[PDB]
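Starting off, we have a lone chain in the form solved without the named molecule, written out as C-alpha cells.
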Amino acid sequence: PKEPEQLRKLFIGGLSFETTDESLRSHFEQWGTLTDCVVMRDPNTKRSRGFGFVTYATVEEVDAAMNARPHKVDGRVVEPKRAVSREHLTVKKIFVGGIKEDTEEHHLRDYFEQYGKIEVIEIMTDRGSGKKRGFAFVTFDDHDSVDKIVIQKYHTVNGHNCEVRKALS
C-alpha cells in the first residue's frame, strides 16, 4: 500500500519567478521519483506566483529531499515544507505528554534524536513540590523534525504510549 499522497508532498516556497515545472522537476528528481511537480502561476498573466509543490513516490524520498536542504533552485534558496494541518504553525518545539514520573531525559533523547538534532529537553516539575508532572518539551534545531513527529499515529517512549503535539512559544 502506497503512503497517502498528502504525506509525500513537499510544498516549495520562495521560488525564483523563472523556475518552471520542468526546472523544478529536474532539481528535485535528484532525491527520488516525482509523480507530480507544479509551479503555481497567475491564471491570466502566466507569471509565477513564486511557490509550488512536488510529490515523491515514497516518504523516504521526502526525507531524502529534506535532508538535502538547503536547496538552491535556479539560483535561489527555496523553502520546502511538509503538509501543515488546518486550524497549525511551523515550530521547532513539541509537547510530550503521558511520560509519567519514571521517564528520564535519556529516554526522550535516545528516541527523539532520531527525528532531528535536539537543542533543549525540559522535563516539567511541580512548582511547589518538585515532583515530575508527566510531560516534557523537546526543542529541535529545525522544523522538519517536528513535522515528521506530529504526523505519526503513535509514539512509544520508555514503554509509554505518549501524546505529542506542536508547542508554541
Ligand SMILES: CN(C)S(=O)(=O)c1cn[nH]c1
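Numbers for residues come from their place in the sequence shown, where the first is 1.
Form solved in complex with the named molecule: not shown, discussed below.
Indicate whether the named molecule has at least one heavy atom within 4.5 Å of a heavy atom of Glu29 in the deposited complex. Because no heavy atom of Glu29 falls inside 4.5 Å of the named molecule in the deposited complex, the answer is no.
Is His160 close enough to touch the named molecule in the deposited complex, meaning at least one heavy atom pair within 4.5 Å? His160: no contact with the named molecule in the deposited complex.
Should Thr35 be counted as a contact of the named molecule in the deposited complex, where contact means heavy atoms within 4.5 Å? No, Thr35 sits far enough from the named molecule in the deposited complex that none of its heavy atoms falls within 4.5 Å.
Quick one: does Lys148 come within 4.5 Å of the named molecule in the deposited complex, counting heavy atoms only? Yes.
Could you pull out the residues of 94-124 that have any heavy atom within 4.5 Å of the named molecule in the deposited complex? Contacts from 94-124: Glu113, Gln114, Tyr115, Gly116, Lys117.
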